[PDB]
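Within every chain, numbering begins at 1; the chains are lettered A, B, ... in the order of the sequence lines, protein sequences first and strands thereafter.
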2 protein chains.
Amino acid sequence: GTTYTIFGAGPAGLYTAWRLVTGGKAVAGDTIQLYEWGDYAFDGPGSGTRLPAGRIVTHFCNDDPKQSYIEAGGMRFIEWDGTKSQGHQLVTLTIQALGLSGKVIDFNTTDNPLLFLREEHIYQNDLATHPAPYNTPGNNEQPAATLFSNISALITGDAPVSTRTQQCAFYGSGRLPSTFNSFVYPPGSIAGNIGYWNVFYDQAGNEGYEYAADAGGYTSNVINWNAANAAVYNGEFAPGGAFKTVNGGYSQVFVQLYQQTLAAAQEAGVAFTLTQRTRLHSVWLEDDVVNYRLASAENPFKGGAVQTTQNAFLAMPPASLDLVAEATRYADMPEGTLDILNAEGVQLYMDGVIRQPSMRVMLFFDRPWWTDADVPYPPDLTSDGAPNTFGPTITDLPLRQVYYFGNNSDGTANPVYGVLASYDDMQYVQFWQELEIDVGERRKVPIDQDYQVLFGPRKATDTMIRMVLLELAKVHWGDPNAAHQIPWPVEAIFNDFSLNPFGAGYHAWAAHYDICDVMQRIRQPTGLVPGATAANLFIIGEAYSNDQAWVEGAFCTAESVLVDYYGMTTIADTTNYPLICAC
Amino acid sequence: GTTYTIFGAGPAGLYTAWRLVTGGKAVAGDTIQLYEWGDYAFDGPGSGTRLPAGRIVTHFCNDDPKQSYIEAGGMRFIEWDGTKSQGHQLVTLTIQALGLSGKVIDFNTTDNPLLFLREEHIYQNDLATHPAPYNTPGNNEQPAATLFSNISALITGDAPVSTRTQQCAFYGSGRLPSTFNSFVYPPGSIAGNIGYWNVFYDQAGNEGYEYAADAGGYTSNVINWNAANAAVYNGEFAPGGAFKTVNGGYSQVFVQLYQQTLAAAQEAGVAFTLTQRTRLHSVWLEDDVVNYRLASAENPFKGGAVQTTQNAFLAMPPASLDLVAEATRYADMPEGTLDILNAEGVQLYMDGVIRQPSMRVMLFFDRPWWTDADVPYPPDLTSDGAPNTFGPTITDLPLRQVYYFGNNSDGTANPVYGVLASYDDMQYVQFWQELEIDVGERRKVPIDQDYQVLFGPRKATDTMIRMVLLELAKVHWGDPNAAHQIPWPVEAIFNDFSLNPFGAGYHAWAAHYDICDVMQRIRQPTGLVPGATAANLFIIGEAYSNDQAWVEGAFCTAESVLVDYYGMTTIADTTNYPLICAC
Ligand SMILES: Cc1cc2nc3c(=O)[nH]c(=O)nc-3n(C[C@H](O)[C@H](O)[C@H](O)COP(=O)(O)OP(=O)(O)OC[C@H]3O[C@@H](n4cnc5c(N)ncnc54)[C@H](O)[C@@H]3O)c2cc1C
Ligand SMILES: Cc1cc2nc3c(=O)[nH]c(=O)nc-3n(C[C@H](O)[C@H](O)[C@H](O)COP(=O)(O)OP(=O)(O)OC[C@H]3O[C@@H](n4cnc5c(N)ncnc54)[C@H](O)[C@@H]3O)c2cc1C
Ligand SMILES: N[C@@H](CCCC[NH3+])C(=O)O
Ligand SMILES: N[C@@H](CCCC[NH3+])C(=O)O
């Protein structure tokens with residue numbers, strides 16, 4: 001039979017194993033071996049240290065599956081709309097296939113977020129009469145979205161940028177229009193060779209950029225990423241659609257991928273196993289044969305016996321690839337081998353994304369204190385439309401965004417009310433990291449060896465809780481001393497995605513890359529080594545996808561490999577929806 | 001005889017060799033072997049790719065030693081005052097011993113810097129007339145220095161913090177006063193377990209922090225480093241003294257260390273060799289015996305045969321130590337060895353500093369355009385503190401500070417006029433890095449393999465030059481369209497210190513560390529490993545010193561090792577000058 005070896009039981013790896021079995025590529029007698037460094041709870045309460053999988057982690061208050069929860073990783077999806085060809089098609093199809101469509105609910109955001117900017121409190125609808133305190137004439141009386149759309153249109157000009165295919169084409173062929181007005185960037189410049197922040201800064205000045213970075217929505221990415229992709233993903237014609245979540249958490253999707261793959265494997269006679277607490281240590285090729293070593297979670301740097309497979313999936317992000325590549329980079333490898341991850345073209349293409357650090361603080365309260373009548377600046381979570389919403393509130397602080405989940409349980413547990421506090425960006429990673437150790441304690445774990453998110457959300461220190469409460473007091477009262485009015489959380493925990501093995505909350509395409517060429521060619525890295533024998537060793541996950549903010553991109557890269565390198569029939573309608581960009 | 005093996009011919013490694021020979025520790029029949037990854041010009045024109053050494057690099061315009069220059073790395077020092085016992089003692093003694101004291105000149109800074117903040121132009125002397133555009137009442141009418149001094153006093157209370165000894169003791173034992181007024185931090189908290197930015201932000205709010213970060217002097221430092229050390233180094237009572245530089249460049253210190261060591265070694269019968277384009281690849285211990293491999297610069301990841309020495313100095317910063325540790329971390333090491341750099345206590349103490357990325361753009365103009373009579377906001381380089389000065393101009397832009405060196409040429413007929421543009425901090429690294437590749441081109445070198453500073457200042461792209469001129473136009477004209485008024489530079493080059501092998505402009509002691517214990521014990525890392533045989537393997541350099549901004553710290557740690565582990569008589573008077581903190 002045929003053995004399929006998957007390293008990483010995150011979304012991409014789990015989706016791959018589920019498609020191989022349910023799509024009927026793995027037949028009776030075949031083997032699927034999934035290896036996961038972490039110890040996720042696939043088999044109910046007590047079967048792991050946190051719910052699955054990777055950067056998706058639903059966290060229930062007190063670890064009570066009947067309680068309110070906060071998504072401590074990825075939190076929402078965009079429902080596929082086939083009449084518009086927009087939304088997370090594989091996520092929507094997979095939820096339906098797993099029998100979970102009945103649990104899909106709206107994730108509603110306020111039309112009138114509170115903005116806390118340079119010590120001013122401005123509800124977004126009021127900007128026409130209370131201009132934002134940024135020296136950016138015109139733009140400061142409009143939501144930041146108006147400035148995003150304006151900058152996008154200065155970059156895209158008259159180019160069609162409405163469909164997914166047109167957007168893909170702009171990544172490679174998009175040029176600044178003949179009308180581009182700049183001292184720095186000539187008209188006709190290749191937009192994919194421009195940094196988004198660099199050109200936003202050129203066109204709107206530091207105050208226009210800072211206003212957009214401080215007051216913009218969650219989904220508009222202002223880091224210095226590929227300007228071609230940034231323009232089409234932040235503009236008027238950016239992909240959109242209805243935001244949804246899975247009632248009871250996103251993690252159940254990954255529990256069901258695993259359990260349904262195992263039930264289908266039993267019916268098909270396929271040997272499907274998950275081996276947790278076990279990492280890929282090193283990988284290399286001998287012609288088409290993938291050689292690899294495993295390491296235990298207890299001793300992650302020491303490899304075991306050399307194993308072989310004809311089919312290997314590296315279902316793991318850049319920082320995780322880096323740790324595997326480090327294990328052979330400096331080694332004296334066997335004669336006739338190819339140290340594939342350290343080949344020059346593979347290392348170059350792996351740098352086709354930049355990294356954004358993220359930290360999430362999850363706080364449960366015994367009452368929804370933010371709704372009290374005497375709160376000076378409450379979040380506007382009701383009407384402004386009709387349904388109830390989760391916020392956010394948006395600020396120029398380290399605590400850059402707040403979501404208010406409240407009691408999102410089925411109502412049978414003792415009511416707790418959840419708040420998600422978001423810290424992001426290179427600017428702030430060093431700010432938040434020192435809050436992770438108690439003020440009475442020295443650091444004990446070397447930072448690059450603290451695999452905190454891999455194990456599960458970590459108890460918030462008293463310093464971290466107090467800092468969050470200070471920032472929420474400034475947001476909702478305008479007085480740091482009001483932190484005394486906020487009740488102490490009944491539970492507070494954090495996920496710091498900058499730590500290994502994740503090394504990032506998010507990846508974004510880099511400037512000075514041909515995005516489509518990286519998306520196409522990085523998946524089978526032997527293609528980036530001139531003269532190499534093809535091998536079925538693949539790189540999959542959201543990082544080198546066309547949907548980097550989303551589980552969708554993990555599923556799409558995995559699907560693209562099954563289609564292109566295993567000849568499988570896709571479950572998607574790709575007519576108007578390329579899984580990854582073509583060049 | 002006795003062999004001394006030094007890895008890294010930066011300031012620390014060169015100083016070590018010089019002291020070993022000129023102090024008479026190495027005697028006739030001994031050997032000193034220095035290995036350097038780079039290829040520095042120690043022997044005049046044609047002898048390397050840039051002037052020595054490490055993060056000190058004088059850059060002459062057009063590679064003309066008679067032209068104006070700009071320090072493309074470290075630029076100034078504090079002259080030792082033995083009467084007050086204040087300043088950079090070893091740097092001053094070394095310049096004197098090398099015969100370079102007659103090249104020492106004042107490095108003067110304006111007492112009335114131009115501030116460009118949130119699109120407003122304010123000369124610092126006029127903040128009473130035109131308050132800084134930050135919502136920080138009182139603080140915004142005073143120089144940022146006042147706020148720095150106020151915060152330091154809130155942290156230090158009545159603790160004496162004027163002497164090196166007392167500053168060292170504050171790192172380990174210093175506590176917030178009983179009067180500390182904070183929601184986040186209790187009175188009496190250990191200041192060394194607090195992040196400086198965390199507590200600044202707590203006490204002064206985001207607008208007070210942002211004003212200090214944007215408008216503070218060059219030496220001011222708001223990163224989230226150890227609050228005990230930050231309070232005593234940012235306070236009214238920070239280490240002071242008269243700022244100087246070496247006319248003709250700081251690099252000639254390092255040329256002269258090498259040449260004079262070689263001459264002295266030849267007179268003494270010591271074999272002194274510098275082998276460049278050759279790096280330490282891997283290091284480990286067998287009892288007291290230092291085992292190592294070298295790699296060529298051409299093939300930096302492939303080690304040669306195992307070599308041994310009894311005396312080894314790792315004269316290289318954290319990111320450089322990290323690359324050497326990576327080469328054994330994942331290896332199956334020989335029987336009876338100690339993989340010293342990957343020992344738990346060594347890895348923990350190596351994380352006792354955080355890193356600050358820095359980028360320097362050096363621009364030479366054919367005329368001092370900033371002095372022209374029609375310039376709306378010229379720098380006040382002439383009068384206010386009596387003699388002429390180099391600036392700076394201070395801004396809230398990515399281009400955070402400007403220095404104006406002008407014509408410092410020594411005998412050209414066609415002098416040029418130099419400008420130093422500084423970009424720093426984790427916030428901006430991704431902003432400046434995309435300017436490093438031409439707008440017509442894709443990236444070609446993997447970012448972690450682009451050893452740019454090692455080679456030498458790189459030609460600025462046209463996009464980088466235009467960005468700097470745009471920022472200088474906004475600063476000096478308040479009109480981005482005035483960029484057309486600035487003459488195109490004769491030469492523009494950059495040094496990005498975030499790149500390997502440096503991985504930082506600067507290191508700063510971290511929160512949640514006992515600074516003194518790390519300073520003392522990291523130097524001989526076998527002392528951090530229970531059961532290990534002691535070995536003469538040392539870690540030296542600025543990063544784990546008590547003078548992290550400065551060459552002084554490289555010399556002090558190197559001096560401390562020669563005194564503590566080789567029984568050498570110090571050249572310093574340590575009466576009021578501990579080389580490193582004592583515990
Ligand atoms: C703060 C945050 C918010 C998000 N919000 C959303 C959202 O609202 N909706 C959404 O759809 N997406 C969201 N995402 C993105 C989503 O989390 C990712 O797209 C998705 O988790 C990517 O899946 P992946 O399988 O590619 O990688 P990962 O989730 O990173 O999984 C990789 C797996 O590989 C394992 N691994 C690593 N190294 C090894 C090794 N050597 N051997 C074996 N196993 C290894 C890891 O432990 C992990 O389990 C968010 C992400 C973050 C961080
Ligand atoms: C922007 C900037 C401004 C500064 N301003 C000042 C200032 O005004 N005044 C001042 O006094 N100081 C200043 N400094 C600091 C000064 O540059 C440093 O303190 C000093 O260079 C540190 O010397 P070092 O020997 O510890 O390390 P480095 O200068 O980093 O030298 C280490 C050496 O080790 C080599 N190396 C690395 N890995 C290996 C390997 N595996 N094998 C062999 N060799 C290896 C490197 O190539 C390098 O030559 C500044 C620094 C920067 C970046
Ligand atoms: N995926 C993140 C942010 C959205 C980014 C979209 N560009 C979340 O919804 O939690
Ligand atoms: N080395 C700097 C001092 C500050 C460095 C730390 N950011 C100088 O030239 O004065």
So for A/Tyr428, is it side chain, backbone, both, or neither that comes closer than 4.5 Å to the heavy atoms of chain B?
both
Short side-chain to backbone donor-acceptor contact, A/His512 and B/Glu434, under 3.5 Å:
yes
Atom group of B/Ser182 that falls short of 4.5 Å from chain A, counting heavy atoms
neither
Any idea which of B/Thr136, B/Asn481, B/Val439, B/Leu470 has the most non-hydrogen atom pairs under 4.5 angstrom with chain A?
B/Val439
Can you tell me which portion of A/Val429 sits under 4.5 Å from chain B's heavy atoms? Options are side chain, backbone, both or neither.
side chain
Could you tell me which portion of A/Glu441 (side chain, backbone, both or neither) has an atom closer than 4.5 angstrom to a non-hydrogen atom of chain B?
backbone
Counting heavy atoms not belonging to B/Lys444, are there more than 12 under 6.0 Å from its NZ?
yes
Sort A/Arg293 into side chain, backbone, both or neither according to what part of it lies under 4.5 angstrom from a heavy atom of chain B.
side chain
At a 4.5 Å cut-off on heavy atoms, which part of A/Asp351 comes close to chain B: side chain, backbone, both, or neither?
side chain
I want to check something: taking the side chain as every heavy atom from C-beta on, are A/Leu348 and B/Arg443 in contact at a cut-off of under 4.5 Å?
yes
Proximal component of B/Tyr185, with respect to chain A [non-hydrogen, under 4.5 Å]:
side chain
Go through the structure and list residues passing ring-ring contact (aromatic ring centres under 6.0 Å, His included) with A/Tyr211, not counting sequence neighbours.
A/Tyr134
Taking every non-hydrogen pair under 4.5 Å, which of A/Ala331, A/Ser189, A/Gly195, A/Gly345 racks up the most with chain B?
A/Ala331
Quick check: under 4.5 Å, non-hydrogen atoms only, which of residues 460-468 of chain A neighbour chain B?
A/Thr463, A/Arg466, A/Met467
Within this structure, what is the CE-CE distance for the pair B/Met426 and A/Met426, rounded to the nearest 0.5 Å?
4.0 Å
Considering only heavy atoms and a distance below 4.5 Å, find which of A/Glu344, A/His281, A/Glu120 pairs most often with chain B.
A/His281
Can you say whether A/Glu210 sits under 4.5 Å from chain B via the side chain, the backbone, both, or neither, judging by heavy atoms?
side chain
With only heavy atoms counted, which part of A/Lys474 is less than 4.5 Å from chain B, the side chain, the backbone, both or neither?
side chain
Do you know which of A/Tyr209, A/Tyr196, A/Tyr513, A/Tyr201 has the most heavy-atom pairs under 4.5 Å to chain B?
A/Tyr201
Between A/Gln430 and B/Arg355 (side chain of the first, backbone of the second, donor and acceptor by atom type, cut-off under 3.5 Å), is there such a pair?
yes
Counting C-beta onward and ignoring hydrogens, is there a side-chain heavy-atom pair between B/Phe183 and A/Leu469 closer than 4.5 Å?
yes
Would you mind checking which part of B/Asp514 comes under 4.5 Å of any heavy atom in chain A, side chain (CB onward), backbone (N, CA, C, O), both or neither?
both
Does A/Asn198 use its side chain to pair, donor to acceptor, with the backbone of B/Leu435 at less than 3.5 Å?
no
Look at atom CG of A/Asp438 and say whether more than 12 heavy atoms of other residues, nucleotides or ligands are closer to it than 6.0 Å.
yes
Non-hydrogen atoms of chain A under 4.5 Å away: do they reach the side chain of B/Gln449, the backbone, both or neither?
side chain
Side chain from CB out, backbone as N, CA, C, O: work out which of these in A/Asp425 comes under 4.5 Å of a heavy atom of chain B, or both, or neither.
neither
Among the options B/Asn135, B/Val445, B/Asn193, pick out the one with the most heavy-atom pairs lying under 4.5 Å from chain A.
B/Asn193
A side-chain contact here means heavy atoms from C-beta on lying under 4.5 Å apart; do A/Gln433 and B/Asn224 qualify?
no
Do you know which of B/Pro398, B/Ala295, B/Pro480 has the most heavy-atom pairs under 4.5 Å to chain A?
B/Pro398
Which one wins on heavy-atom pair count under 4.5 Å against chain B: A/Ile190, A/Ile194, A/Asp332?
A/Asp332
Heavy-atom side-chain contact between A/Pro446 and B/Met350 under 4.5 Å:
no
At a heavy-atom distance under 4.5 Å, which candidate from A/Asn206, A/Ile223, A/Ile437 has the highest pair count against chain B?
A/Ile437
Could you check, using the six-membered ring where one of them is a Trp, whether B/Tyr330 and A/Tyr330 have ring centers closer than 6.0 angstrom?
no
Measure A/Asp396 against the heavy atoms of chain B and call it side chain, backbone, both or neither at under 4.5 Å.
both
For the CG atom on B/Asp479, are there more than 12 heavy atoms of other groups (residues, nucleotides or ligands in this structure) within a distance under 6.0 Å?
yes
Just give me the residue among B/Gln347, B/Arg118, B/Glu326 that pairs up with chain A most often, heavy atom to heavy atom, under 4.5 Å.
B/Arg118
Please determine, among A/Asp448, A/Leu323, A/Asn342, A/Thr328, the option with the most heavy-atom pairs under 4.5 Å with chain B.
A/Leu323
Would you mind checking which part of A/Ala327 comes under 4.5 Å of any heavy atom in chain B, side chain (CB onward), backbone (N, CA, C, O), both or neither?
both
